[PDB]
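One structure is given here, and the rest of the page talks about it.
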Amino acid sequence: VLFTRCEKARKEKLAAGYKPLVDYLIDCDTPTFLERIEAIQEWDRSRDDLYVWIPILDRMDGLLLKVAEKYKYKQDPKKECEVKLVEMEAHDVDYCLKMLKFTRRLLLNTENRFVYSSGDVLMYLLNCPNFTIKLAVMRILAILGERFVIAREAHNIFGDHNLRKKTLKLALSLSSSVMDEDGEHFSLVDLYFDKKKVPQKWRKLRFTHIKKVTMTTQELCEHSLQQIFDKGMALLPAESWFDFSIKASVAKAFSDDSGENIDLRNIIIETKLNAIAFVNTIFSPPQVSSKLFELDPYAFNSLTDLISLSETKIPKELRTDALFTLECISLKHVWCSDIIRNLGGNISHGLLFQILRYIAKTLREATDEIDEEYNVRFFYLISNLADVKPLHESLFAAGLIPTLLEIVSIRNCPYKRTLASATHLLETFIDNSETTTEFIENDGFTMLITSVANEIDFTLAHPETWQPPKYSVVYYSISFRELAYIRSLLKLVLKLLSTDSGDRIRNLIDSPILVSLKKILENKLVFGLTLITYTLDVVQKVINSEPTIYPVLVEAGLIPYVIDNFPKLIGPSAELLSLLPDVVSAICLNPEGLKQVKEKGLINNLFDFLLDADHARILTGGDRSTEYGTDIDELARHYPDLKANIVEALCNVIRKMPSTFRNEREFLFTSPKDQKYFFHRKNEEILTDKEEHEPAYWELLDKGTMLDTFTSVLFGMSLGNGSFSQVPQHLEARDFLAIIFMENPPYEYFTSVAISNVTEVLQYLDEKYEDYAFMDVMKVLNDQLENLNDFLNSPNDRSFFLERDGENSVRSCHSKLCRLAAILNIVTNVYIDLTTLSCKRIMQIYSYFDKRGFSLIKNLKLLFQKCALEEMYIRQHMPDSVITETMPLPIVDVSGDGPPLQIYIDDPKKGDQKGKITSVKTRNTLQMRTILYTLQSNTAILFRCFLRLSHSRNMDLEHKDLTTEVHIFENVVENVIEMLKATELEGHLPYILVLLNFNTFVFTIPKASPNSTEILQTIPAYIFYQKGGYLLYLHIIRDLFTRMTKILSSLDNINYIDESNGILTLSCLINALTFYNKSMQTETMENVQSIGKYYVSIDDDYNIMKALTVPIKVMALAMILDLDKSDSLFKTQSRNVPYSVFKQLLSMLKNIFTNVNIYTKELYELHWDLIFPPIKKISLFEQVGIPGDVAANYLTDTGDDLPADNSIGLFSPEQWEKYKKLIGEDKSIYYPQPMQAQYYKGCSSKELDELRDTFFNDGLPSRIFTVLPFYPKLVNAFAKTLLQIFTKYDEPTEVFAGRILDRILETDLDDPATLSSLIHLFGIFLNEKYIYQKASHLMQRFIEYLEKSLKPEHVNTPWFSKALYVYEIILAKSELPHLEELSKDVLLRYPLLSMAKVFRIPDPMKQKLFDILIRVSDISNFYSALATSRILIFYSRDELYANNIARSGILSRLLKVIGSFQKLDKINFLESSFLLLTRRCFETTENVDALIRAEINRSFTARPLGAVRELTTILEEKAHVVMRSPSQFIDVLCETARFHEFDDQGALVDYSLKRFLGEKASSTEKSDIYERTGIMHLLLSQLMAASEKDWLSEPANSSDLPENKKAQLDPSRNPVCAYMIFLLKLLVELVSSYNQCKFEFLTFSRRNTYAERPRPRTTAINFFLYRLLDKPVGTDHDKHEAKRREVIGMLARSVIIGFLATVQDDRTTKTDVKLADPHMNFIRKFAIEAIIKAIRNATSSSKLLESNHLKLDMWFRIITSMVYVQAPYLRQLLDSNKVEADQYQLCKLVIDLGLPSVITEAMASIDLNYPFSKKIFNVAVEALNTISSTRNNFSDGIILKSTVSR
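What the sequence shown shows, in UniProt numbering, is residues 2 to 154, 158 to 213, 236 to 1073, 1076 to 1534, 1539 to 1592, 1598 to 1872, 2220 to 2230, in sequence order.
If you want it as structure tokens, here you go:
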């Protein structure tokens, strides 16, 4: 719970209210408590919350907590012993029943019972044989569950089985209405009716569980409770005893037929009633009726008939016991209508109002026959039963109101309670205007005034009694119950006030109180209080009901006086203080009330409580407050003139508001162990406690508390202005901002909660006038700082605060310090930012620059310096046993101001670990210590924000910034860096390192937006250039890498903060790395322009950033050489640099080359006043005396120069005296003078190039290679600077690679799994190809070993997984599109030379390891397989190489590896490669070589323009066919495109291919038949096993939509089908491409068979014609498989249709092809007929007819695609020429068959009584249309790829 200070504070305030009372209980013994248990009953007055009694609640708990263990009743809802039911001791039962019933009454007399501080024995004591304990607990528990649902459903015991199921079964413990052998039922109407048949067989019980038991008759007469359960568990399983006990109690009641039988009957009845109430609370008719109303629905009318006070006979025990249960169930709508109709809800006579009028009379007599409890209970029940409005009118038709008004006349009776309940029910039912005119005309609108007068007089009839609440505050003095009944009266009257008000107000303009209402005006203690709140409610309603009567009743004299006493009665009433404008504001304009308001000047009277936290708490500190802060603006609309009052009527008080504050408690406290604020050692004692670091007092204090609601209303009103339109004009905020310092403004300003309502309101001036102080605020702010600059100016050594502990030092200033810091952070956050943009604040800021400039920053430097040095210092004095939990800064809410991650204790993952123990040193300080860094570094982020501005701000601004802003930055950079300028390395380490971290963080424009780089301000960079501390760092780094030696677990992959001196070593260092990297990156930074451009009187002309890039780099090169002088790690070992840091170097190494194109002409200077145009000359002109204008005349006349002369026109000789004094003999030095490349001369390549050569002269770029092995693996990416050094050469690394080739066997397995790595980089030397052209000898000088490497079982080379690729480099060269390196020895005027020397990979070499190639098969890795495949595909070159690679077994490896896959990820690349493979793997010479050769006059010809298709425009565009088979391609080219336009004379000038060919059976019936090798016979069987292994399953997918985003979208999800799709695609593709693949399937069978002309083993073909494609399934079990089958219906069509193709190549013309070969022509028809039978199979067995359906469904689609030679995935590979005889020799072919009309009988073969049989043939009709239509002329992810596409 968000127990914000206010909430819990109110909770304690409750204690003061009644803790003094409960002291009675808290301060008494248990026996005394025991005596009081039943001596309390219920309040004489209203209910109360039990929070303050939470202690007494737990007292009762303990009193009755262990008693569960007293008889073991402490039960586990996991141990099935049920804590054996043994009788609880009567007095101990009473000890419990006392508190139970006392707890029962407490609940029933308490309100807001959600505290739950007296539980813990919940399921436990109820486990007792006696119903006394068991039923008392059952009742109180039903009530508890009701309150719990009343809380919309505090223990979470719902997991219990024992009690939960006990109650669930008690819902039908035995039965609701029951039935007996006699016609009677034991009807519910038999509450106490022993006047019916009473079966005696129920002396026993029988309980199966199949474990059946008995308690036979008269056996359950001596065995009682304990013995019953003993023999039960003897007969029963110990776990289950519930129904045994239920029926045993039933029998024990039965055991006799005496009062015990009736008594125990009532007891079990009430148990069941509590169970039913709770069940309906938790269960619903879906469950309730599901349990009973299939058992005994004799409930509704029964209950309607059971009980009635008219039936004043029922022993009220069960009557009431049901009542509340009955009531609870009746609350439901389902049951409401039930008993409503049972009563006959339109009677006025039945029990509906029979009892109503009976009780009405009972009230008139008041003969103590009035059970106030029962009375009020049904009152409120019917209040609840007002639920059903239609039945509300039904009752309105049941003589509703007048039947009720019989009671309204019953007064002067003692039953104020039931009288109050009657008023409440009356208020409840009132909904109708027809009910109004009923009541009004019933004469009910006379008993109103009747009771009015009666009780108004009665008020003074009993001043003697007047016994208000005793133990609670009583504003009034009259007896409680009376004026509570009156509260009900007033509520009813008010709610009636609004409706039908005009006529009735006229009726009772003088109700018997109207003129005597003044009774109430002053009868505060006589007529009660907060009833006057309800009089105000009347007034407001009147102020809206009939304001016209206001002046009329102003004449009554009551209204005018109210204004007279109005100032006095203004007080703490939220309602009033919420409804005040509703009552007052509007009347300000009503003439009568207008004058009445104007008199006395009521505005000031309104506020009065202005300085009263009571009222602030009253108004909720919000909402109502804020709401009111918006509402009371209504009078402002009425009377803006009063605003001056509402302005000053308060400012008299507001302006005093700062003056209000009083001194308050301490904030710092010394340790009650040594009286010290801070721990002085790592091993220091803990001032242990479970307190909270922050003492919450201010907000709790009236000033904070009041100001809460204050700001609430402030933000309500000031919103849109108001008095604030004049308060700034009246009051000055800064003058008023003493509220910002207050008196003791504590540490807990972090509790600055009203800020929004504070700052947001303040923004209105930010909207109106920041300049309404702003710089003034900050000036007085500084003033304060200087005032605080007392122990701010403290020792620079360490924490004197630690030393001075036990003293008032900070205590004195403490609160002010945090006050100030946090308030300023807030000010900055809200206002001070680059977002302001307003020129006015810009100029005011400039005015500040003028008056002080920057000196504040010095105080800031000192403060920050002292800031955490202490904690840093104390940290060593600070118990890490305490830091580990305390960890001041590493605490919740610490998220901003770029935390320069600090030295934490545990993993930062866990962070805050408070709450266990506290310490005064921790407590008062942790609240502070955490704060400090937050207070700071938000300073620094803003400081950096003070840099760019106009560069990006550039709204209306001025020149002032020209000199000052530069002056400011100078007054900034060194000013704070001085803090660290001196700090050396260590001891300073912990503090200064982090300081440096954030320092590097700053100096960078806070620019990331698109995650970009902070833009690394140019200005401060140059202001540090003049500082040159870069070079200081270049010195330090010497220590730093050497500081490795002073340093573990790992190098690169360790994080978090426990302890790492190594981390300490480079912690700060890391930033300098990135800094320097981007330090060279002006491209990543802005681009300032040149000082030479700015200043013409200079030598160093240069763009600032561009020049400064270099000199840092020349010094960096010097440093590089220095470090390498020792070799550092440059050619050394120990892999010290972290892999991460090593990689980092590369960036830090890339920059090495990074260079500005133009030569850099040295770096010059910095000056704030020597700005262009020089202000210095004019400055000295008026320093001698010449005014600016006359002084300017010179520079504007000359510019960028200095006169240094006397007796000029503007510099007249009388200026000689004031110039000679100014003459310093250095006037020429009044301009910047060049800076230098420290330790060097040229801030340019002047030395960097020479030293680069020196590396090359010194061969360093190779010494690195020696140190690569440690972290070289991915550095390949950084082989590009390398590339530039090689462009310059100056050293050969091709020589290095050759030496490695020599060394490449010195690899000597090179740490297997590191062989391939370092050698991958080595081959990456090759990837630096250029020279790769040559070295063929060296290249061969290694390929010789490559041959010798052999590894015939490369499985022995897992590192060869991708040394596959490192070879693949040698592969790419291998043939280098072989072309036999032939010299064309022809007429050419172009080189076309051998750029790369390859020695064309002598063929004998290839076959050798190619034998190994096939002789290695399995090695490792999925992508190694990808490679291997792709290599062999690029290969399979000679096409006899391809032949041999066929039947290579490794094919089988591929098959039963991949197809055996269960779940793979990205085989897609292999799948593309394998499409191309199959194009190559089945590279049928004729069907590829002769294929192209037929396509040649169509490849080059390709239907030319009619024919140029220039060589490079065609030949280089023949790449597809070129690589189809470069060998067979050239062969096909051997006869191609003779080509013309050759320059006659043995000269060639042309490339437009045109004229002639290159110079211009083989197959057989089995050509594409015997090529079949029986692969399918088991290939497709294992393929199906891969596929038919439930290719329909839902994958283990979520996707955020497991089967709707990816099932009807991408059915491939199921991994099983993820490759079945591939199977289909590839198989159909290879079919289409080559005839044999089409023939490859015909003989498939589960077994294996091979016959002449492969005699069709019908298994294959028939199955294809059958389920093979259909794969029928029950239904759309999964959208994955469902959409799968859907797309398959889309696909199988195209699949088979393409199967019907011929070659899908050169002969695609098919212009007049009207036959196939002898073994193909019938293949066209072939197995079809089984489908004709399949069609006929459907025709028979109408369910078989229904079975086929989908086949038929497809059949129409199938037949349409067939005849029309069309499909969804068709013609994307085909030609319209293909369908020239295909369509013909299909349509006319079937015409030859004459088959179609036969299937028409298939329709004739059905009945028209199927839902889709009508629908089914519609598609057929087209198929029917297909019949002659075609021959009538006779007599997305879809992949479609052509052949050349392959």
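All C-beta atoms in this analysis are idealised placements derived from N, C-alpha and C, irrespective of residue type, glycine included.
Within the region 299-359, the runs of alpha helix (DSSP H) at least 4 residues long that lie entirely inside it are, in chain order, 314-317, 326-332, 342-356. Note on geometry: alpha-carbon atoms of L1498 and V1184 lie some 46 Å from one another. In the displayed model, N1105 falls within a helix according to three-state DSSP.
With contacts defined by Cβ atoms closer than 8 Å, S177 and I272 form a contacting pair. The region 772-779 makes contact with the region 723-731: 3 or more CB pairs, one atom from each, lie closer than 8 Å. Residue state for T1506 is assigned as helix, using DSSP reduced to three classes.
Non-local beta-carbon contacts of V138 in its own chain, meaning distances under 8 Å to residues more than five positions away in sequence, involve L101, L126, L127 in chain order. Classified as exposed, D859 has fewer than 16 neighbouring CB atoms from the shown chains inside 10 Å of its CB. If you ignore the 5 residues before and after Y441, its C-beta comes within less than 8 Å of the C-beta of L389, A392, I396, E398, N401, all in its own chain and listed in chain order. Between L518 and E453, the C-beta gap is smaller than 8 Å, which places the two residues in contact.
In this structure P130 touches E88 by the C-beta definition: roughly 5 Å separates them, less than 8 Å.
No Cβ-Cβ contact shorter than 8 Å links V673 with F633. Boundaries of the alpha helix (DSSP H) around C1654: 1652-1670.
When C-beta atoms of the region 1625-1634 are compared with those of the region 1572-1586, fewer than three pairs fall below 8 Å, so the two segments do not count as touching. Rounded to the nearest whole angstrom, the C-alpha separation of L534 and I575 is 12 Å. Using a Cβ-Cβ distance cut-off of 8 Å, the region 525-544 and the region 453-471 are in contact, since at least three pairs of beta carbons, one from each stretch, lie closer than that value. The three-state secondary structure of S1872, taken from DSSP, is coil. Rounded to whole angstroms, the gap between the alpha carbons of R1369 and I1332 is 11 Å.
Around the C-beta of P1320, fewer than 16 other C-beta atoms lie within 10 Å, and the residue is accordingly described as exposed. Ranked by how close their Cα comes to the Cα of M1367, the residues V1426, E1408, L1311 have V1426 in first place. With 16 or more neighbouring CB atoms inside 10 Å of its own CB, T1093 falls in the buried class.
Pairing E90 with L51, the inter-Cα distance amounts to about 29 Å.
Here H1382 is buried. Its C-beta has 16 or more other C-beta atoms within 10 Å. For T990, same chain residues with a beta-carbon under 7 Å away, outside a window of 5 residues either side, are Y872, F875 in chain order. One alpha carbon belongs to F1736, the other to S1559, and they sit about 30 Å apart. Judged by DSSP in its simplified three-state form, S1118 adopts strand. Here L108 really is in contact with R148; their C-beta atoms are around 7 Å apart, less than 8 Å.
In the DSSP assignment, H706 falls outside any alpha helix (DSSP H), carrying neither H nor E. The C-beta separation of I1843 from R1868 comes to about 27 Å, leaving the pair out of contact by the 8 Å criterion. Per DSSP, the beta-bridge partners of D49 are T111.
DSSP places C1566 inside the alpha helix (DSSP H), whose first and last residues are 1558-1566. Distances from the alpha-carbon of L628 to those of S604, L676, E653 put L676 closest. The count of Cβ pairs closer than 8 Å, one atom from the region 317-333 and one from the region 354-368, reaches three, so the stretches are in contact. Taking a contact as a CB-CB distance under 8 Å, the pair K173 and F268 counts as one, their CB atoms being some 5 Å apart. Uninterrupted alpha helix (DSSP H) stretches at least 4 residues long and entirely within the region 653-709 occur at 659-664, 669-680, 683-686, given in chain order. In this structure, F553 sits away from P598, with a CB-CB distance that is not shorter than 8 Å.
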